[PDB]
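For reference, input.pdb (PDB, C-alpha atoms):
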ATOM      1  CA  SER A 118      71.833  37.932   3.687  1.00  0.00           C
ATOM      2  CA  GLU A 119      74.297  39.166   6.344  1.00  0.00           C
ATOM      3  CA  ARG A 120      76.723  36.569   7.765  1.00  0.00           C
ATOM      4  CA  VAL A 121      74.981  33.565   9.366  1.00  0.00           C
ATOM      5  CA  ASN A 122      75.932  31.698  12.550  1.00  0.00           C
ATOM      6  CA  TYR A 123      76.734  28.135  11.471  1.00  0.00           C
ATOM      7  CA  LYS A 124      76.816  25.401  14.145  1.00  0.00           C
ATOM      8  CA  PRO A 125      78.429  21.957  14.097  1.00  0.00           C
ATOM      9  CA  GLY A 126      75.919  19.570  12.488  1.00  0.00           C
ATOM     10  CA  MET A 127      74.057  22.294  10.539  1.00  0.00           C
ATOM     11  CA  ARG A 128      73.613  21.606   6.799  1.00  0.00           C
ATOM     12  CA  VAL A 129      74.986  24.560   4.798  1.00  0.00           C
ATOM     13  CA  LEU A 130      76.031  25.273   1.202  1.00  0.00           C
ATOM     14  CA  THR A 131      79.712  26.006   0.474  1.00  0.00           C
ATOM     15  CA  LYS A 132      80.584  27.574  -2.910  1.00  0.00           C
ATOM     16  CA  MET A 133      84.133  27.004  -4.224  1.00  0.00           C
ATOM     17  CA  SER A 134      86.161  28.479  -7.114  1.00  0.00           C
ATOM     18  CA  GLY A 135      84.587  27.164 -10.341  1.00  0.00           C
ATOM     19  CA  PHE A 136      82.280  25.175  -8.034  1.00  0.00           C
ATOM     20  CA  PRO A 137      78.575  25.826  -7.448  1.00  0.00           C
ATOM     21  CA  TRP A 138      77.419  26.015  -3.821  1.00  0.00           C
ATOM     22  CA  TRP A 139      77.921  22.449  -2.578  1.00  0.00           C
ATOM     23  CA  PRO A 140      75.834  20.778   0.104  1.00  0.00           C
ATOM     24  CA  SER A 141      78.214  20.706   3.078  1.00  0.00           C
ATOM     25  CA  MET A 142      77.507  20.701   6.825  1.00  0.00           C
ATOM     26  CA  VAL A 143      79.582  22.649   9.373  1.00  0.00           C
ATOM     27  CA  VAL A 144      81.659  20.095  11.306  1.00  0.00           C
ATOM     28  CA  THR A 145      84.657  20.277  13.652  1.00  0.00           C
ATOM     29  CA  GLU A 146      88.236  18.950  13.485  1.00  0.00           C
ATOM     30  CA  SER A 147      86.971  16.364  16.001  1.00  0.00           C
ATOM     31  CA  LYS A 148      85.210  14.564  13.116  1.00  0.00           C
ATOM     32  CA  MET A 149      87.891  15.355  10.508  1.00  0.00           C
ATOM     33  CA  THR A 150      90.373  12.495  10.017  1.00  0.00           C
ATOM     34  CA  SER A 151      93.955  13.292   8.950  1.00  0.00           C
ATOM     35  CA  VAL A 152      92.854  13.962   5.354  1.00  0.00           C
ATOM     36  CA  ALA A 153      90.518  16.791   6.430  1.00  0.00           C
ATOM     37  CA  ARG A 154      92.975  17.989   9.100  1.00  0.00           C
ATOM     38  CA  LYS A 155      95.790  18.238   6.524  1.00  0.00           C
ATOM     39  CA  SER A 156      93.743  20.661   4.389  1.00  0.00           C
ATOM     40  CA  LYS A 157      93.100  22.971   7.369  1.00  0.00           C
ATOM     41  CA  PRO A 158      93.939  26.453   6.075  1.00  0.00           C
ATOM     42  CA  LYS A 159      96.290  28.580   8.209  1.00  0.00           C
ATOM     43  CA  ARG A 160      95.562  31.912   6.490  1.00  0.00           C
ATOM     44  CA  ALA A 161      93.950  34.971   8.125  1.00  0.00           C
ATOM     45  CA  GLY A 162      90.224  34.675   8.894  1.00  0.00           C
ATOM     46  CA  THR A 163      88.507  31.854  10.806  1.00  0.00           C
ATOM     47  CA  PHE A 164      87.651  29.032   8.391  1.00  0.00           C
ATOM     48  CA  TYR A 165      84.750  26.614   8.975  1.00  0.00           C
ATOM     49  CA  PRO A 166      85.523  22.930   8.573  1.00  0.00           C
ATOM     50  CA  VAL A 167      82.490  21.376   6.854  1.00  0.00           C
ATOM     51  CA  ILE A 168      81.660  17.927   5.520  1.00  0.00           C
ATOM     52  CA  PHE A 169      81.032  17.809   1.779  1.00  0.00           C
ATOM     53  CA  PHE A 170      78.464  15.385   0.347  1.00  0.00           C
ATOM     54  CA  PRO A 171      78.529  12.816  -0.729  1.00  0.00           C
ATOM     55  CA  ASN A 172      81.294  10.511   0.604  1.00  0.00           C
ATOM     56  CA  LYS A 173      81.346  12.832   3.646  1.00  0.00           C
ATOM     57  CA  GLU A 174      84.401  14.928   2.705  1.00  0.00           C
ATOM     58  CA  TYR A 175      85.874  17.881   4.616  1.00  0.00           C
ATOM     59  CA  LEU A 176      86.526  21.467   3.475  1.00  0.00           C
ATOM     60  CA  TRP A 177      87.691  24.628   5.262  1.00  0.00           C
ATOM     61  CA  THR A 178      85.606  27.554   3.949  1.00  0.00           C
ATOM     62  CA  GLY A 179      84.993  30.944   5.611  1.00  0.00           C
ATOM     63  CA  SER A 180      81.429  31.978   6.543  1.00  0.00           C
ATOM     64  CA  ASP A 181      81.557  34.282   3.478  1.00  0.00           C
ATOM     65  CA  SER A 182      81.182  31.494   0.879  1.00  0.00           C
ATOM     66  CA  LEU A 183      79.000  29.601   3.384  1.00  0.00           C
ATOM     67  CA  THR A 184      75.192  29.847   3.264  1.00  0.00           C
ATOM     68  CA  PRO A 185      72.425  28.133   5.241  1.00  0.00           C
ATOM     69  CA  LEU A 186      71.121  25.031   3.407  1.00  0.00           C
ATOM     70  CA  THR A 187      67.571  24.076   4.473  1.00  0.00           C
ATOM     71  CA  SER A 188      66.089  20.618   3.831  1.00  0.00           C
ATOM     72  CA  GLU A 189      63.504  22.198   1.513  1.00  0.00           C
ATOM     73  CA  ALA A 190      66.246  23.771  -0.616  1.00  0.00           C
ATOM     74  CA  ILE A 191      68.040  20.407  -0.710  1.00  0.00           C
ATOM     75  CA  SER A 192      64.900  18.540  -1.839  1.00  0.00           C
ATOM     76  CA  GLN A 193      64.126  21.279  -4.383  1.00  0.00           C
ATOM     77  CA  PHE A 194      67.551  20.573  -5.896  1.00  0.00           C
ATOM     78  CA  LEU A 195      66.844  16.822  -5.982  1.00  0.00           C
ATOM     79  CA  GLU A 196      63.856  17.629  -8.210  1.00  0.00           C
ATOM     80  CA  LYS A 197      66.138  19.828 -10.332  1.00  0.00           C
ATOM     81  CA  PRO A 198      69.904  19.790  -9.824  1.00  0.00           C
ATOM     82  CA  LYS A 199      72.168  22.516 -11.275  1.00  0.00           C
ATOM     83  CA  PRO A 200      74.461  22.401 -12.860  1.00  0.00           C
ATOM     84  CA  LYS A 201      74.272  18.750 -13.963  1.00  0.00           C
ATOM     85  CA  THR A 202      77.075  17.183 -11.885  1.00  0.00           C
ATOM     86  CA  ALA A 203      76.589  13.533 -10.844  1.00  0.00           C
ATOM     87  CA  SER A 204      78.761  14.226  -7.770  1.00  0.00           C
ATOM     88  CA  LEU A 205      76.752  17.257  -6.587  1.00  0.00           C
ATOM     89  CA  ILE A 206      73.431  15.510  -7.181  1.00  0.00           C
ATOM     90  CA  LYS A 207      74.764  12.659  -5.051  1.00  0.00           C
ATOM     91  CA  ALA A 208      75.809  15.399  -2.606  1.00  0.00           C
ATOM     92  CA  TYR A 209      72.249  16.670  -2.082  1.00  0.00           C
ATOM     93  CA  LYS A 210      70.882  13.122  -2.243  1.00  0.00           C
ATOM     94  CA  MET A 211      73.216  11.857   0.521  1.00  0.00           C
ATOM     95  CA  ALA A 212      73.207  15.155   2.449  1.00  0.00           C
ATOM     96  CA  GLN A 213      69.407  15.350   2.158  1.00  0.00           C
ATOM     97  CA  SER A 214      69.203  12.032   4.042  1.00  0.00           C
ATOM     98  CA  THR A 215      71.846  13.135   6.568  1.00  0.00           C
ATOM     99  CA  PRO A 216      70.028  15.227   9.173  1.00  0.00           C
ATOM    100  CA  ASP A 217      72.963  16.450  11.296  1.00  0.00           C
ATOM    101  CA  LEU A 218      76.648  15.775  12.063  1.00  0.00           C
ATOM    102  CA  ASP A 219      75.807  13.251  14.812  1.00  0.00           C
ATOM    103  CA  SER A 220      74.242  11.138  12.032  1.00  0.00           C
ATOM    104  CA  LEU A 221      77.276  11.100   9.707  1.00  0.00           C
ATOM    105  CA  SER A 222      79.661   8.121   9.965  1.00  0.00           C
ATOM    106  CA  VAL A 223      83.179   8.811  11.291  1.00  0.00           C
ATOM    107  CA  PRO A 224      86.184   6.563  10.681  1.00  0.00           C
ATOM    108  CA  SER A 225      86.398   5.706  14.402  1.00  0.00           C
TER     109      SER A 225
END

Encoding of this model in C-alpha coordinates:
Amino acid sequence: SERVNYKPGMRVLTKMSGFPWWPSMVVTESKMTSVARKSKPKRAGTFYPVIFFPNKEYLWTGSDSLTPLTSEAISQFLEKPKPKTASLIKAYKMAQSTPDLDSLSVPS
(Lines of atoms letter the chains of each structure in order from A and count residues from 1; the text may use other names and numbers.)
(Lines give C-alpha, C1' and ligand atoms only; values in the text may rest on other atoms or scores of the structure.)
Protein backbone atom coordinates (compact mmCIF):
# COMPACT_ATOMS: atom_id res chain seq x y z
CA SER A 1 0.00 0.00 0.00
CA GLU A 2 2.98 2.34 -0.52
CA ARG A 3 2.18 5.91 -1.67
CA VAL A 4 0.24 6.05 -4.96
CA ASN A 5 0.66 8.49 -7.85
CA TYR A 6 -2.64 10.37 -8.12
CA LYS A 7 -3.38 12.28 -11.36
CA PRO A 8 -5.84 15.09 -12.04
CA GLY A 9 -9.20 13.46 -12.86
CA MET A 10 -8.46 10.20 -10.99
CA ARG A 11 -11.15 9.11 -8.50
CA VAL A 12 -9.54 8.55 -5.07
CA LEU A 13 -10.70 8.22 -1.45
CA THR A 14 -9.70 10.93 1.05
CA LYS A 15 -10.08 10.15 4.78
CA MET A 16 -10.49 13.13 7.15
CA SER A 17 -10.42 13.52 10.95
CA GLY A 18 -13.59 11.83 12.28
CA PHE A 19 -14.44 11.25 8.60
CA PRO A 20 -14.40 7.91 6.78
CA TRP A 21 -12.53 7.79 3.46
CA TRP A 22 -14.63 10.03 1.21
CA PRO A 23 -14.98 9.61 -2.54
CA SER A 24 -12.90 12.50 -3.89
CA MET A 25 -11.02 12.88 -7.19
CA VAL A 26 -7.60 14.56 -7.49
CA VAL A 27 -8.17 17.94 -9.18
CA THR A 28 -6.09 21.10 -9.65
CA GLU A 29 -6.48 24.72 -8.50
CA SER A 30 -7.48 25.35 -12.14
CA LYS A 31 -10.89 23.79 -11.37
CA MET A 32 -11.09 25.11 -7.78
CA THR A 33 -13.13 28.32 -7.49
CA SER A 34 -12.29 30.83 -4.74
CA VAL A 35 -13.94 28.64 -2.08
CA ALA A 36 -11.57 25.73 -2.79
CA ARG A 37 -8.61 28.08 -3.33
CA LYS A 38 -9.20 29.75 0.06
CA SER A 39 -8.85 26.40 1.87
CA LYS A 40 -5.49 25.68 0.18
CA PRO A 41 -3.19 24.63 3.03
CA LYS A 42 0.20 26.37 3.25
CA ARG A 43 1.81 23.91 5.68
CA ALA A 44 4.83 21.68 4.95
CA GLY A 45 4.19 18.75 2.58
CA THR A 46 2.58 18.93 -0.87
CA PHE A 47 -1.21 18.70 -0.50
CA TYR A 48 -3.48 17.33 -3.25
CA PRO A 49 -6.52 19.41 -4.13
CA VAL A 50 -9.37 16.95 -4.74
CA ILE A 51 -13.07 17.30 -5.48
CA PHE A 52 -15.34 15.80 -2.83
CA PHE A 53 -18.64 14.19 -3.83
CA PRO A 54 -21.30 15.02 -4.01
CA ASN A 55 -21.84 18.73 -4.82
CA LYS A 56 -18.29 18.63 -6.25
CA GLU A 57 -16.44 20.17 -3.28
CA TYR A 58 -12.69 20.75 -2.93
CA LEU A 59 -10.26 19.54 -0.24
CA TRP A 60 -6.47 19.72 0.17
CA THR A 61 -5.27 16.35 1.52
CA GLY A 62 -1.75 14.86 1.34
CA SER A 63 -1.18 11.58 -0.54
CA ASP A 64 -0.96 9.92 2.92
CA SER A 65 -4.71 10.06 3.66
CA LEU A 66 -5.36 9.60 -0.08
CA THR A 67 -6.05 6.15 -1.56
CA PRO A 68 -6.97 4.97 -5.06
CA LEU A 69 -10.76 4.62 -5.47
CA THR A 70 -11.73 2.20 -8.27
CA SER A 71 -15.20 2.17 -9.85
CA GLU A 72 -15.74 -1.35 -8.49
CA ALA A 73 -15.03 -0.18 -4.93
CA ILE A 74 -17.42 2.75 -5.47
CA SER A 75 -20.23 0.48 -6.73
CA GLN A 76 -19.56 -2.00 -3.90
CA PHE A 77 -20.21 0.88 -1.49
CA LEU A 78 -23.45 1.79 -3.29
CA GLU A 79 -24.66 -1.74 -2.50
CA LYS A 80 -23.54 -1.22 1.11
CA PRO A 81 -22.47 2.21 2.34
CA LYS A 82 -20.56 2.68 5.63
CA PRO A 83 -21.02 4.30 7.85
CA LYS A 84 -24.62 5.35 7.12
CA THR A 85 -24.15 8.99 6.05
CA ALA A 86 -26.64 10.35 3.49
CA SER A 87 -23.94 12.77 2.28
CA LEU A 88 -21.27 10.08 1.72
CA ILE A 89 -23.73 7.75 0.01
CA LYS A 90 -24.60 10.65 -2.29
CA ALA A 91 -20.82 11.08 -2.64
CA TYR A 92 -20.28 7.59 -4.09
CA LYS A 93 -23.54 7.82 -6.04
CA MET A 94 -22.55 11.11 -7.74
CA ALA A 95 -18.83 10.26 -7.90
CA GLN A 96 -19.66 6.79 -9.26
CA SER A 97 -21.36 8.48 -12.23
CA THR A 98 -18.52 10.99 -12.62
CA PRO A 99 -15.80 9.24 -14.62
CA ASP A 100 -13.02 11.86 -14.51
CA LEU A 101 -12.35 15.55 -13.78
CA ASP A 102 -13.08 16.59 -17.39
CA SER A 103 -16.64 15.36 -16.75
CA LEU A 104 -17.28 17.40 -13.58
CA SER A 105 -19.03 20.77 -13.98
CA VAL A 106 -16.99 23.91 -13.20
CA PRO A 107 -18.49 27.29 -12.34
CA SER A 108 -17.11 28.82 -15.56

Result set of the PyMOL selection byres ((chain A and resi 210) around 9) on the coordinates above, as a PyMOL selection string:
chain A and resi 170-171+191-192+194-195+205-209+211-215

Would you save the residues from that selection as a tab-separated table (two decimals), in the coordinates of the input, using C-alpha atoms?
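Heads up, here's the output in again_9.tsv:
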chain	number	residue	atom	x	y	z
A	170	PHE	CA	78.46	15.38	0.35
A	171	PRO	CA	78.53	12.82	-0.73
A	191	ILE	CA	68.04	20.41	-0.71
A	192	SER	CA	64.90	18.54	-1.84
A	194	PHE	CA	67.55	20.57	-5.90
A	195	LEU	CA	66.84	16.82	-5.98
A	205	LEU	CA	76.75	17.26	-6.59
A	206	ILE	CA	73.43	15.51	-7.18
A	207	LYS	CA	74.76	12.66	-5.05
A	208	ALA	CA	75.81	15.40	-2.61
A	209	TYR	CA	72.25	16.67	-2.08
A	211	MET	CA	73.22	11.86	0.52
A	212	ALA	CA	73.21	15.16	2.45
A	213	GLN	CA	69.41	15.35	2.16
A	214	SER	CA	69.20	12.03	4.04
A	215	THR	CA	71.85	13.14	6.57

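Within the 7 Å cut-off around stretch 132-149 of chain A, using all atoms listed in the file and omitting residues fewer than 6 positions from it on the same chain, the listed residues are residues 123, 124, 125, 126, 165, 166, 167, 168, 169, 170, 175, 182, 183, 205, 208, 209, 212, 218 and 223 of chain A.
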
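Closest approach to residue A:222 from the set A:186, A:160, A:198, A:150 is made by A:150, with distances taken over all atoms listed in the file.
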
Which value, in Å to one decimal, gives the distance between atom CA of residue A:172 and atom CA of residue A:158?
21.1 Å

Step by step, gather every atom of stretch 205-221 of chain A that the file lists, find the box along x, y and z that holds them, add 3 Å on each side, and finally give centre and edge lengths in Å to one decimal, as lines of an AutoDock Vina configuration file.
center_x = 73.2
center_y = 14.2
center_z = 3.8
size_x = 14.1
size_y = 12.2
size_z = 28.0

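Compared by their closest atoms to residue A:120, and using only C-alpha atoms, the residues A:184, A:177, A:161, A:156 rank with A:184 nearest.
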
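The space separating atom CA of residue A:187 from atom CA of residue A:159 comes to 29.3 Å.
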
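Using all atoms listed in the file, the smallest distance between any of A:164, A:157, A:219, A:118 and residue A:179 comes from A:164.
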
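Going from atom CA of residue A:130 over to atom CA of residue A:225, you cover 25.8 Å.
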
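You can rank A:121, A:127, A:221, A:152 by their closest distance to residue A:181 using only C-alpha atoms, and at the top of that list sits A:121.
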